[PDB]
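One structure below.
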There are 2 protein chains.
Amino acid sequence: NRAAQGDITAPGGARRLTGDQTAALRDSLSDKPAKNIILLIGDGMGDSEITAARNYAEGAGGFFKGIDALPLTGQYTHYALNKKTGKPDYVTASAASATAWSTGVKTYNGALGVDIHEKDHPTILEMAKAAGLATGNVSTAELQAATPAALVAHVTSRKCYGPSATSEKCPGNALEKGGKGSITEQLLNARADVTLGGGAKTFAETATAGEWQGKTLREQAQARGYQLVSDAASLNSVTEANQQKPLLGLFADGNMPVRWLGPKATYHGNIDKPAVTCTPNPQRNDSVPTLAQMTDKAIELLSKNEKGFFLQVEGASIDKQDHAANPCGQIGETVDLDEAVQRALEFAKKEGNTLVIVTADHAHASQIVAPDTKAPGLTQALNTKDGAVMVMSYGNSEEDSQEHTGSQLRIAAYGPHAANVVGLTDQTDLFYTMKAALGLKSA
Amino acid sequence: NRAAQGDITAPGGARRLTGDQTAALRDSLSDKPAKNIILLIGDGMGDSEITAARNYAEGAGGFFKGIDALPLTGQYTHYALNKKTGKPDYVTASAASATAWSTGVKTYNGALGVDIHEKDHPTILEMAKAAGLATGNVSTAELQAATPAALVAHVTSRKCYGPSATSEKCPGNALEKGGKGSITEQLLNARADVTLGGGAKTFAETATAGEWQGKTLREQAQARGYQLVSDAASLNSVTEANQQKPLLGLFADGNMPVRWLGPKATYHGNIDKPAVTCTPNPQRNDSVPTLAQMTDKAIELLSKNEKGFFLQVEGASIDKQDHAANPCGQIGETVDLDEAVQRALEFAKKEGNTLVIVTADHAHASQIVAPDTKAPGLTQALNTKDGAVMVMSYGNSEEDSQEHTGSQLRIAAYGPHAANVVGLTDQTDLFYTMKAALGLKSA
Ligand SMILES: [Zn+2]
Ligand SMILES: [Zn+2]
Ligand SMILES: [Zn+2]
Ligand SMILES: [Zn+2]
């Protein structure tokens, strides 16, 4: 627990610590093997995003019971590479960074599972499966999106969702040109035990070559023995997931809907408009599973494997709402991820041999600024849990989409090998940290 | 060493880690008492600020030999309080934050060494002195500024620099009105062994009351046994500092000048103006000591105390140049601080009982964004050590001063009791962390 201990107005009332941590931290240092690993990613969830969410939902002296509860903490770098020069591109996006932590190799913006020479490298999920471990891959984004795709697809551009776009934009990857295929096709080949998110639309496409040509990717998946689920009840009803009967969850056409509604931030929004209170999204159908609900079934099913499992969970629409300059959406999805993180930590503490890691792919735009702020970008004032006004600014783009930022950001871990995120690290160190904790070996 | 291990374009080339860190971290953890403490403060040095400076000066896969070399890392919160309501004010400035880590109590923006009720609370420096330890207070800002002042003065507004402004803005603190006096006057009463910085301008004021009425504050310091120095040569000539002969260095009228020159960022600066390469500041002559030079002498002098010392070092102009939207100024002062930190770490490793801490009072405005970025605020393109462009954006103020931000930010530490910065903590925990490490007590 790291909430403020009492009266924040009085001596010692805002302390998050009750005593000395040296002994407690020594007991958090284990070098034994990790049987399991859970990696939780908030896209765009930099330190600013975390703090804003905490201030709003739990108050400034509050405490995220998931996100803030991991004891070993550091800052890590996530610069991408310029494809032509091989020099740092200081502001990454999902693909290059997901490639980075999943392969241990830097690459260029747009690349999935390939280096700057367009050459494939194996992913941590692929290596876990080879060693006999179960594998899970979960995202509130469409499943073709870069973060979940990176674990199961190798392509020259992240836009190559299905056969149609792959033939056009990844000619070398296309199936009818001898390549491994589209993101969705490769995801089906990768055959993770558990795969849950959105992105049903691309599954409507039919493959133009290969053993299942003329069939929709939906039909292919079924033909190859996958269980299809599309809402929370059916997901819940699933009792097993393995190589004979892998689980595919498709819970929306595109991205899964956000939990909180609020107005878009506006020019002089914190001056011209009144303080905003977030409400639940009334357009989110009740049958859509939450990130934590998806995480529950995943952990339940994957943990059946005696040898162990690897699971990745992505809170995606933190980035998306950050891009859209929508604090309520953005905070809402940070709250959504905290729930999922709680599930993973609850499992991990009971099981005793699980490494849980929580971080983001890169920083983003949202900044917490003073209430009187008069800024050139998009701003909005919110009513927090404290009963006080917080203002948020998005001031790095004139166009309709607010931009990523290149600042280093928090990485936190719990369990075996958690030490390897403390201090300054690079995103690629996370690959090798995970590789080493599971005792995995290159083919 | 946490630099990129090799060729950043190849597998494992961007790794900052050479192996498992568990055994290394176990060694780093000591609960024995700290004999000395060095607290280094980069004013406004958020994780964005650290990253931008590293990217520029050392390249993306580079490594600050001071700043990035502290092994025990975390994230801490620095929200202030609204004076009337006692609820969090989410974006602090230096007075409230410096007051928080120096007293262990939160307070309102503008308050120095007092709580929201205007009650005085003792500072870590005052308590150190009381216990017999030696005390140092070093800054590139004018010494009246909130970060160094917070250790030695208790006033209701940080603007109460000297008698003149105190009578008007802190009438209850004014000396002629029964109070302890202006910041400068209370500083002279506090009588730290070592006090180095700018702010000579205010010492030209005369006191309106008390034992040294009619005399200038400079004359007062002379009469009370202080050694005054005004340049690097004289500073170096000083052989001892103690309560019989305290040292006061005044190296500029106001703030000490910055190392690096570069143009101010502008609207569409990264588009319409060429990439910038920082140069040395021609109007900072070498007779003005650097922060590391001041840190050297301070460490030399204070370390002669058998019982131990407390030293605070502030790189003030990271904040100032961040406000002025000047990447070169801002980055140059971040480099300036890294040197001072190196001096602190070198001493700490040899001595073996010194706790060193590096952090910032709060986050700031500067953001690292993509080169093609088209932002509404002030931007600039810069040529890095990597031979690639990094753009910086300042997008939270339409007036002539870019604003702080509330994001939690990095705290790092080395030595005895350094475990207490790991995980999430509050800026006030830092007070209690330092107090316990030295074993200090209350009256
Ligand atoms: Zn992203
Ligand atoms: Zn994004
Ligand atoms: Zn400051
Ligand atoms: Zn400032």
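Residue numbers begin at 1 in each chain, while the letters A, B, ... track the order of the sequences. Side chains are part of it too, since the values below use all heavy atoms of this structure and drop only hydrogens, waters and symmetry mates.
When heavy atoms are compared at a cutoff of 4.5 Å, A:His121 approaches chain B solely by way of its side chain, counted from C-beta outward. In this structure, the portion of A:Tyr267 lying under 4.5 Å from any heavy atom of chain B is its side chain and not its backbone. With a 4.5 Å cut-off on non-hydrogen atoms, A:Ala10 touches chain B through its backbone but not through its side chain. For A:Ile50, the part lying under 4.5 angstrom from a heavy atom of chain B is the side chain only. Both the backbone and the side chain of A:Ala60 come within contact range of chain B, judged by heavy atoms closer than 4.5 Å. Proximity to chain A is absent for every atom of B:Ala412, based on heavy atoms less than 4.5 angstrom apart. Heavy-atom distances place both the backbone and the side chain of A:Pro88 under 4.5 Å from chain B. Residue A:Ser393 touches chain B through its side chain alone, counting heavy-atom pairs closer than 4.5 Å. Heavy-atom distances place the backbone of A:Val389, and not its side chain, under 4.5 Å from chain B. Contact of A:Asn1 with chain B is not made at all, since no heavy-atom distance falls under 4.5 Å. Proximity to chain B is limited to the side chain of A:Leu81, based on heavy atoms less than 4.5 angstrom apart. With a 4.5 angstrom heavy-atom cutoff, A:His268 touches chain B only via side-chain atoms. Only the side chain of B:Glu403 comes within contact range of chain A, with at least one heavy atom under 4.5 Å from a heavy atom of that chain.
Between B:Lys106 and B:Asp426 there is a salt bridge, since a side-chain N of the basic residue sits under 4.0 Å from a carboxylate O of the acidic one.
With chain A as partner, the option from B:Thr433, B:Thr373, B:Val422, B:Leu430 having the largest number of non-hydrogen pairs under 4.5 angstrom is B:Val422. Between chain B and the options A:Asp7, A:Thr9, A:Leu25, A:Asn420, heavy-atom pairs under 4.5 Å are most frequent for A:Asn420. Of the listed residues B:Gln21, B:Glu49, B:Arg15, the one with more heavy-atom pairs under 4.5 angstrom with chain A than any other is B:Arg15. Here B:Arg54 is the residue among B:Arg54, B:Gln427, B:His117 with the most heavy-atom pairs under 4.5 Å with chain A. No other option in A:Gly86, A:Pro376, A:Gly12, A:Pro71 has as many heavy-atom pairs under 4.5 Å with chain B as A:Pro376. Chain B forms more heavy-atom pairs under 4.5 Å with one residue of A:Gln402, A:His417, A:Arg410 than with any other, namely A:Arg410. Chain B forms more heavy-atom pairs under 4.5 Å with one residue of A:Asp386, A:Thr428, A:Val421 than with any other, namely A:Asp386. For the options B:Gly387, B:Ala363, B:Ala418, B:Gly46, heavy-atom pairs under 4.5 Å to chain A are most numerous at B:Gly387. Counting heavy-atom pairs under 4.5 Å between each of B:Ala437, B:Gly104, B:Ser397 and chain A puts B:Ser397 at the top. Contact count versus chain A (heavy atoms, under 4.5 Å) is highest, among B:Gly377, B:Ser30, B:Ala100, B:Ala4, for B:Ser30. Heavy-atom pairs under 4.5 Å with chain B peak, among A:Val105, A:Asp47, A:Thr405, A:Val91, at A:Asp47. Looking only at heavy-atom pairs under 4.5 Å with chain B, the residue among A:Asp115, A:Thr77, A:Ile116 that has the most is A:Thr77.
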* Apply side chain to side chain contact (heavy atoms under 4.5 Å, CB included) to the pair B:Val358 and B:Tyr414, showing each step before the final yes or no. => CA-CA 9 Å; B:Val358 185; B:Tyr414 171 76; over 6 Å; no
* To do: Report the C-alpha separation of A:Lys374 and B:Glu399 in whole Å, then their side-chain angles, then the decisive distance to 0.1 Å, and conclude whether the salt bridge (charged side-chain N to carboxylate O under 4.0 Å, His left out) test is met.
  => CA-CA 8 Å; A:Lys374 183 190 158 176; B:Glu399 298 314 323; 3.2 Å; yes
* A:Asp68 vs A:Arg16, side chain to side chain contact (heavy atoms under 4.5 Å, CB included): CA-CA, chis, key distance, verdict -> CA-CA 11 Å; A:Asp68 297 327; A:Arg16 304 188 180 275; over 6 Å; no
* Which is it for A:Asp89 and A:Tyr79 under the side chain to side chain contact (heavy atoms under 4.5 Å, CB included) test, yes or no, and what are the steps along the way? -> CA-CA 6 Å; A:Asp89 188 354; A:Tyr79 60 90; over 6 Å; no
* To do: Mind running side chain to side chain donor-acceptor pair (under 3.5 Å) on A:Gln5 and A:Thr18 for me, showing each step along the way?
  => CA-CA 8 Å; A:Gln5 291 309 127; A:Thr18 66; over 6 Å; no
* Asked: Which is it for B:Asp322 and B:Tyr394 under the side chain to side chain contact (heavy atoms under 4.5 Å, CB included) test, yes or no, and what are the steps along the way?
  -> CA-CA 8 Å; B:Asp322 213 307; B:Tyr394 298 81; 3.4 Å; yes
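Heavy atoms from other residues, nucleotides or ligands lying under 6.0 Å from NZ of B:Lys65 number 12 at most. Other residues, nucleotides and ligands contribute at most 12 non-hydrogen atoms within 6.0 Å of the NZ atom of B:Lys385. Counting heavy-atom neighbours within 6.0 Å of A:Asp372 CG, excluding the residue itself, gives a total above 12.
Contact between A:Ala111 and A:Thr107 at its shortest, heavy atoms only, is CB-OG1, 3.1 Å. Summarising the geometry of B:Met392 relative to B:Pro327, their closest heavy-atom pair is SD-CB, 3.8 Å, with the distance given to 0.1 Å. Closest approach of B:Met127 and B:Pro122 over heavy atoms only: CG-CB, 4.3 Å.
A donor-acceptor pair shorter than 3.5 Å cannot be found between the side chains of A:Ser48 and A:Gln367.
Relative orientation of the A:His364 and A:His404 rings is perpendicular, given thresholds of 30° and 60° on the angle between their planes.
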